[PDB]
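Observations on the model geometry
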Amino acid sequence: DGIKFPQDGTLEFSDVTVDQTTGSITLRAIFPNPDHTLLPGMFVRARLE
Amino acid sequence: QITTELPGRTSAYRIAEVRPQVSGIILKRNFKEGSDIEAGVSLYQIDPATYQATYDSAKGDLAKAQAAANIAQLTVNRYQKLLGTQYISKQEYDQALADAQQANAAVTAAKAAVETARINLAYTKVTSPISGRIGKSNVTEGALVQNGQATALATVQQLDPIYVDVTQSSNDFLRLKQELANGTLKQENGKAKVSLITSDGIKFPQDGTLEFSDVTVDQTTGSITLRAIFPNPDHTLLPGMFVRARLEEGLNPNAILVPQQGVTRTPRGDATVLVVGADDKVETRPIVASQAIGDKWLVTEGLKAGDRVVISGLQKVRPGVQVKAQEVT
Amino acid sequence: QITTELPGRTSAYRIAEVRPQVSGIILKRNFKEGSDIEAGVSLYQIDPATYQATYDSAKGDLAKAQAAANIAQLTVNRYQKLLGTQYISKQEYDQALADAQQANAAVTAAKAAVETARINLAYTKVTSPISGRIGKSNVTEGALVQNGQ
């Protein structure tokens, strides 16, 4: 919906290889979810620094 | 009360597919197709010859162990009778006691082997695990089967009650949860009530109830699944059909309903209403009315409680003109 | 400040797919879908008949081994008292001690076998490996489940 998620997470890089059919690298971040306001599988947009 | 219409599919309360626990060739079918089946009633008859031989071997081993235990017990009794007046050594009595205990343990092991042989032999008499109604037989007499194959011999399903699995988008679920948390929505009692619309559009005579809101999200579409349970006394619902569910999500005690005959919509989409001011003048005010309940538009913004607006004779009234306005029920 | 915006998908911290460790048929379901559950709580109930028979056989073998060990220990204890006054040769005492030790080792082996049988029997009570939210049941009562499907 475009609403900023109230809490903040941190970044733990995990995957260094490059996929063959996507040509992209996957970055892993961890977030606290106490309210259960995000479920496993949904689509999100992450802004890094 | 706000209701959401969602698509879904029905499913059986309890469905069991019959698979053979042993390997062999079928000889007979003991049930008639399309009939009600009680639990534990034998369905098929696989060839028991090999399992019969195994059972006989187990019985023979059990008999041998029993004979050994019998002779050990006889010797123990006689030695115990001797021991009263110290006519035999205590070591001999202890040895006899140990021999009897070992023979009894061997008898127990033989009994366990006989029990597992009996279980395997009775597995051939295929028994329906649950009650219900049995359908077509995917195999007939003379067809080979194997232990734990993927192809089911038959299916037994319970048609009362019935499950309805409907699909709800994740965004709607999240916004409803946020609205409930904020306080604009008031859930009541317990599980939400769900009504049904069949393929013909007929409202189901009974209203079901929802439970088990799922948490995983489908990747391909982006939606979660909801489950409701409908009692089915007359078997008017069969598993697998396509149904529409009207799902209630609480109460909104601030709804503003405006009759659709008193709002004007521009071709691009904007909507305006002719309010009547305190100066007996009419003023056009824009409003946001997206959802329509029956013939009443649900106003979300642009109107306040007690605002007094025209519903009839719109073509007879122009803005800025002093008009007598009369309340009409 | 330089920032990058990327698409992404969420995932659970710990996801466990409950799978059967033993073959058999399901008789009961001991949980309600869509509810938080603890660890070690039994979820299903597979048919234990064959595993119960195996457990009984193992216990019987253990009892036999224990009886043999008991009689060997009694003989050793009886010989020990006579050893003090030089009325039994040391060879016989050594042989009896060896027999007792062998019987004790056999008892240990039987205990290991019965422990394996107990573990296999307890596998039927399908236990949740972790604590968390559980969804629907892909199988119901009466289904047949194979080992490690």
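As summarised from the PDB record, the model derives from cryo-EM at a stated resolution of 3.26 Å.

Under the PDB entry, the name given to chain C is Multidrug efflux pump subunit AcrA, and the source organism is Escherichia coli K-12. The title given to this PDB entry is "Structure of TolC, YbjP, and AcrA complex".

The name given to chain B in the PDB entry is Multidrug efflux pump subunit AcrA, with the source organism recorded as Escherichia coli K-12. Its UniProt record gives chain B a comment under Subunit, which states: "Monomeric in solution. Homotrimeric; interacts independently with AcrB and TolC as well as AcrZ. Part of the AcrA-AcrB-TolC efflux pump. Complex assembly is independent of an efflux substrate and appears to be constitutive." Database annotation for chain B, UniProt heading Subcellular location: "Cell inner membrane".

Attention shifts here to the pairing of strand β9 (residues 162–169) of chain B. Residues and elements named next belong to chain B. Pairing of strand β1 (residues 3–12) with β9, which is carried by five bridges, proceeds in the antiparallel orientation. Across the sheet, residue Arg9 finds its bridge partner in β9, namely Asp165. Relative to strand β12 (residues 223–230), β9 runs antiparallel, the two being bridged by eight bridges. Its bridge partner lying in β12, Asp165 is registered against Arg227.

With 27 residues of chain B at the interface, the matching set in chain C holds 28 residues. Interface area, chain B with chain C, both sides summed: about 2500 Å², of which 57% is carbon and sulfur. The largest contributions to the chain B side of the interface with chain C come from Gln91(B), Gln102(B) and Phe212(B), which together make up 19% of the buried area. Our count for the chain B to chain C interface comes out at two salt bridges. A salt bridge links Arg78(C) to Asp94(B); the shortest N-O distance between them is 2.6 Å.

Here we take up helix α3 (residues 170–182) of chain B. Residues and elements named next belong to chain B. The end-to-end C-alpha distance of α3 is 18 Å, a good match for the 18 Å that 13 residues give at a rise of 1.5 Å each. For α3, the set of buried residues is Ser170, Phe173, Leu174 and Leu176. Projected down its long axis, α3 shows its buried positions confined to an angular sector of 165°, all on one face. Once α3 ends, the next one or two residues include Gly183, with phi positive near 120°.

Take the environment of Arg47(A) next. Examined against the element boundaries, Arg47(A) turns out to sit in strand β3 (residues 43–47). Aside from chain neighbours lying at most four places away, what touches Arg47(A) is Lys4(A), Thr3(C), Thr4(C) and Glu5(C). Within the local environment of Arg47(A), its side chain forms a polar contact with the side chain of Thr3(C), the two groups lying 3.4 Å apart.

Counted under the stated rule, the structure contains five aromatic pairs over all chains. Each ring, one from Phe5(A) and one from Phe31(A), has its centre 6.4 Å from the other, and the planes form 80°; the classification is edge-to-face. You can see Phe5(A) sitting in the segment before β1 (10–11) and its partner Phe31(A) sitting in the loop between β2 (29–30) and β3, a full 26 residues away along the chain. Ring centres of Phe31(C) and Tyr44(C) lie 5.7 Å apart, and the angle between their planes is 80°; this geometry places the pair in the edge-to-face category. Of this pair, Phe31(C) sits in the loop between β2 (24–29) and β3 (35–37) while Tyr44(C) sits in strand β4 (residues 44–46); the two residues are 13 residues apart in sequence, bridging distant segments of the chain.

Next up on the list: the sheet that holds strand β16 (residues 271–276) of chain B. Residues and elements named next belong to chain B. Strand order in this open sheet of five strands is β14-β18-β17-β16-β15, and the pairing throughout is antiparallel. The strands lining the two open edges of the sheet, one partner per strand, are β14 (256–259) and β15 (263–265). Mean inter-strand twist for the sheet, computed between neighbouring axes without regard to direction, equals 50°. Where β14 and strand β18 (residues 296–301) come together, four bridges link them in antiparallel fashion.

With that out of the way, let us pick up the nonpolar core. Residues and elements named next belong to chain B. Ranked by internal contacts, the top residues of the largest apolar core, which has 31 residues, are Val18, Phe31, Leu43, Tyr44, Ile134 and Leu153. Of all the secondary-structure elements, those providing two or more residues to this core are β5 (44–46), α1 (49–83), α2 (90–123) and β8 (154–157). The contacts of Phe31, once residues within four sequence positions are left out, are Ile37, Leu43, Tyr44, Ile134, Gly135 and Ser137.

So, how was this worked out
Residues numbered from 1 in each chain as written, not as in the entry; some residues may be left out. Chains lettered and ligands numbered in written order. Part of a larger assembly, values for the part shown. Heavy atoms only, no water. UniProt positions renumbered as here; feature names shortened; annotations may be inferred. Pairing = 2+ DSSP bridges. Helix = DSSP H or I, 4+ residues; strand = E, 2+ residues; numbered from the N terminus. Contact = heavy atoms within 4.5 Å. Buried area = accessible area lost by both parts, 1.4 Å probe. Salt bridge = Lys/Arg side-chain N within 4 Å of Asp/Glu carboxyl O. Expected span 1.5 Å × (residues − 1). Buried < 20%, exposed > 50% of the residue type's maximum accessible area, 1.4 Å probe, protein only. Arc of directions from axis to C-beta. Polar contact = N/O pair within 3.5 Å; in protein donor to acceptor, adjacent residues only side chain to side chain. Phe/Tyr/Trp six-rings, centres within 6.5 Å; stacked < 30°, edge-to-face > 60°. Axes fitted to C-alpha atoms, helices over the stretch in contact; angles between N-to-C directions. Core = buried A, V, L, I, M, F, W, Y, C linked by side-chain atoms within 4.5 Å.

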